[PDB]
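A.B. asks: Okay, here's the structure, questions in a sec.
What follows is calculated from the coordinates using simple rules that are stated; it is not laboratory data.
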Ligand SMILES: Cc1[nH]c(-c2csc(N3CCNCC3)n2)c2c1C(=O)CCC2
Ligand SMILES: Cc1[nH]c(-c2csc(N3CCNCC3)n2)c2c1C(=O)CCC2
């Protein structure tokens, strides 16, 4: 049942206003320099697919994939960019609610 809270928090993240940059994997054909800079891309739908498949053995693995989405976001996007400003909203939301369970 370590993962039943992950379904809640991923469902809440999937439907958050500011989740639009992270619903689908970043298409590197459209973003100059992404493949070069971001070694391990991650997004909500890949997390949904791994969760759907049972690929998260512990609750901390799910959080590692989640923090990676935002570490990527800060690595590539300026803090005042549209994607950056949304990644900060999502990152505080995730951390604020991850602590509300743990
Ligand atoms: C994490 C991330 N999301 C986006 C982005 C821009 S537009 C858009 N969408 C989502 C897909 N269909 C509609 C509009 N998603 C970027 C990004 C980066 O890290 C680099 C800059 C571009
Ligand atoms: C998965 C994904 N879909 C799109 C997308 C569809 S339409 C459109 N534009 C951007 C330029 N002005 C016209 C409309 N962008 C992107 C994307 C990414 O991964 C990165 C950002 C771009």
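A.B. asks: Roughly how tilted is helix 4-14, in degrees to the nearest 10 and between 0 and 90, from the longest Cα axis of the chain?
C.D. replies: Taking the Cα atoms of the chain, the angle to 4-14 is about 30 degrees.
A.B. asks: Of the candidates 69, 26, 83, which one comes out as most mobile in a Gaussian network treatment of the chain with C-alpha springs shorter than 10 Å?
C.D. replies: 26
A.B. asks: What does segment 3-101 give for Rg and for Dmax, in Å, if only its C-alpha atoms count?
C.D. replies: For segment 3-101, the Cα-based Rg and Dmax read 13.1, 38 Å.
A.B. asks: For the chain, what is the calculated [θ] at 222 nm in deg cm²/dmol (nearest 500), taking -39500 (n - 2.57) for each run of four or more DSSP H residues and dividing by its residue count?
C.D. replies: -19000 deg cm²/dmol
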